Ligand SMILES: [Zn+2]
């Protein structure tokens, strides 16, 4: 029971606390530093001793107490201390607009989920910002685009090859994630690099999201300009200080011509790594047979705009609509968002989260079981009376400190129970809710709140206008 486990690269020793075995800081790839910067993840060098896996590894460098370093490719494992073997495995992919976050953030501690559901929970870090979503393929074929996604895939491959040694079932892996993590999963469900790496998926407030191959190249060129590196000095991309990359990143990202509706960092179309839009691939059966639990919060947009924040600018406003819907649809939908704070908030909720989620769920419904939800809960009294983006996270993980009444603990039990039953069976039904399958004829949706309810074809008027 001292928890020494042999991974394919060497032994690691975790610890046991409050009924949960824990291993933190397990390397799953060679540190992507120096010559390995901007290249696909490689296997880490094997070690012959026993790694004290009781502390989180560094997180990927990002704008800001945890240590940061490009040497950040680590996974963490939480398993229940029970005689039960071959357990379902839930792999978490954190969000953060592709330039923020870490699998080791307190909110994602998997101890409670592991103990309550008797499942294994894996958290991980993947390259972010200029390290993981700066696509340099146009400059050197040796470089890979969508590095952050490749890292996630490598972590999933690590799970497939090593989780049995930790007591998990590599054939019952559920990948789940929120925001950028949900958008990442949208891509992983279709990407060549992630084929066969998981059997179920949960997409929270995030779906198909990509930038064009052309845009990726444009941004890449702008980055090198700021760095003062031309096409005959690419060697310097491997010796330049990480801080210089972070500096260039913030400079370009915060540029006046940049807005929240158009993510500066995000997956990019690329023949080698992500050939086409995830949604399109799914619509053609790329994720056949993979059950999908997907949803959004009712008031997503209120997290990005405050009562006294910037108010539109039809210029950049109409540009957002065309970018998110295409010129033809943008014109037909313009009517829904008359310039105003309210409209920009609704644009965020509807076009960055809701429409993508419904489009993805609809596409997948023709190839696998799909279950859709909308999270409505929030305190009644202002100023926190909105089902803000990410508000369901504390409930999913059972880590409620971020918010604790009995109703809060009750809602967390209801939500976490469904996530657990889904990981185990592919159906999120529990004693508290018989979850109806989502398909295009009825669009039955579960409404998560203190009291569970079901809405058939919710916001149908908005659906007809946006589709
Ligand atoms: Zn032992």
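In full-length UniProt numbering, the protein residues as written are 2 to 65, 75 to 413, 421 to 484.
Cβ atoms here follow ideal geometry from the backbone N, Cα and C, with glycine treated the same way.
{"Check": "In terms of alpha-carbon separation, which member of 162, 175, 172, 202 lies closest to residue 185?", "Outcome": "162"}
{"Check": "With a threshold of 8 Å, are at least 3 pairs of Cβ atoms found where one atom belongs to the segment 451 to 464 and the other to the segment 473 to 484?", "Outcome": "yes"}
{"Check": "By the three-class DSSP mapping on this structure, what secondary structure does residue 152 have?", "Outcome": "coil"}
{"Check": "Given this structure, state the Cα-to-Cα distance separating residue 46 from residue 31, to the nearest angstrom.", "Outcome": "7 Å"}
{"Check": "Drop a sphere of 10 angstroms on the beta-carbon of residue 246, count the other beta-carbons inside from all chains shown, and report buried for 16 or more, exposed for fewer.", "Outcome": "exposed"}
{"Check": "Short check: CB of residue 158 to CB of residue 105, under 9 Å?", "Outcome": "no"}
{"Check": "Consider the C-beta atom of residue 3 and the heavy atoms of ligand 1; say whether any pair is separated by less than 8 Å.", "Outcome": "yes"}
{"Check": "Which residues bound the beta strand (DSSP E) around residue 40?", "Outcome": "Neither: residue 40 is in no beta strand (DSSP E) and is coded neither H nor E."}
{"Check": "Is the separation between the beta-carbon of residue 118 and that of residue 139 shorter than 9 Å?", "Outcome": "no"}
{"Check": "Which class does residue 452 belong to by DSSP, given the choice of helix, strand or coil?", "Outcome": "coil"}
{"Check": "Figure out for me which residue from 237, 366, 301 has the closest Cα to the Cα of residue 190.", "Outcome": "366"}
{"Check": "If you draw a straight line from the alpha carbon of residue 4 to that of residue 95, how long is it in whole angstroms?", "Outcome": "15 Å"}
{"Check": "Run through DSSP, which three-state label would residue 346 get?", "Outcome": "helix"}
{"Check": "Helix, strand or coil: how does DSSP classify residue 78 here?", "Outcome": "strand"}
{"Check": "Pick from 327, 348, 360: whose alpha carbon is nearest that of residue 477?", "Outcome": "360"}
{"Check": "Quick test of the definition: if touching needs 3 or more C-beta pairs under 8 Å, does the segment 173 to 182 touch the segment 255 to 265?", "Outcome": "no"}
{"Check": "Measuring alpha carbon to alpha carbon, tell me which of 337, 192, 358, 270 ends up nearest residue 308.", "Outcome": "358"}
{"Check": "At which residues does the beta strand (DSSP E) containing residue 22 begin and terminate?", "Outcome": "21 to 28"}
{"Check": "So, is residue 206 buried or exposed, given that buried needs 16 or more other C-beta atoms within 10 angstroms?", "Outcome": "exposed"}
{"Check": "Taking the alpha helix (DSSP H) that residue 201 belongs to, which residues open and close that run?", "Outcome": "Where residue 201 is concerned, there is no enclosing alpha helix (DSSP H), given that its DSSP letter is neither H nor E."}
{"Check": "Cα-Cα, which of 201, 146, 141 is closest to residue 218?", "Outcome": "201"}
{"Check": "Tell me which residues share the same chain as residue 261 and place their Cβ nearer than 8 Å to its Cβ, disregarding the 5 neighbours each side in the sequence.", "Outcome": "236"}
{"Check": "Pick out whichever of 149, 412, 195, 9 has its Cα sitting closest to the Cα of residue 239.", "Outcome": "149"}
{"Check": "How would you label residue 145, buried or exposed, when you count the other beta carbons within 10 angstroms and need 16 or more for buried?", "Outcome": "buried"}
{"Check": "Kindly give me the distance between the Cβ atoms of residue 401 and residue 385, rounded to whole angstroms, as I take these residues to be in contact under 8 Å.", "Outcome": "7 Å"}
{"Check": "For residue 277, which of 297, 265, 198, 375 has the nearest alpha-carbon?", "Outcome": "198"}
{"Check": "Helix, strand or coil: how does DSSP classify residue 47 here?", "Outcome": "coil"}
{"Check": "Just mark residue 289 as buried or exposed, buried being the case when its beta carbon has 16 or more other beta carbons within 10 Å.", "Outcome": "buried"}
{"Check": "For the pair the segment 40 to 56 and the segment 5 to 13, tell me if three or more CB-CB distances fall below 8 Å.", "Outcome": "yes"}
{"Check": "Check for me: the beta strand (DSSP E) holding residue 179 runs from which residue to which?", "Outcome": "178 to 188"}
{"Check": "Can you have a look at residue 338 and say buried or exposed, based on whether 16 or more other CB atoms are within 10 angstroms of its CB?", "Outcome": "exposed"}
{"Check": "In angstroms, rounded to a whole number, what distance separates the CA positions of residue 434 and residue 469?", "Outcome": "13 Å"}
{"Check": "Could you tell me the distance, in whole angstroms, from the CA atom of residue 291 to the CA atom of residue 25?", "Outcome": "35 Å"}
{"Check": "Just to confirm before moving on: does the CB-CB distance between residue 378 and residue 440 stay below 9 Å?", "Outcome": "no"}
{"Check": "Return the Cβ separation of residue 380 and residue 455 in integer angstroms, given the expectation that the two are a contact with Cβ distance under 8 Å.", "Outcome": "4 Å"}
{"Check": "So residue 88 and residue 13 are in contact, right, with Cβ under 8 Å, and what is the actual spacing, rounded?", "Outcome": "That pair is no contact at about 14 Å."}
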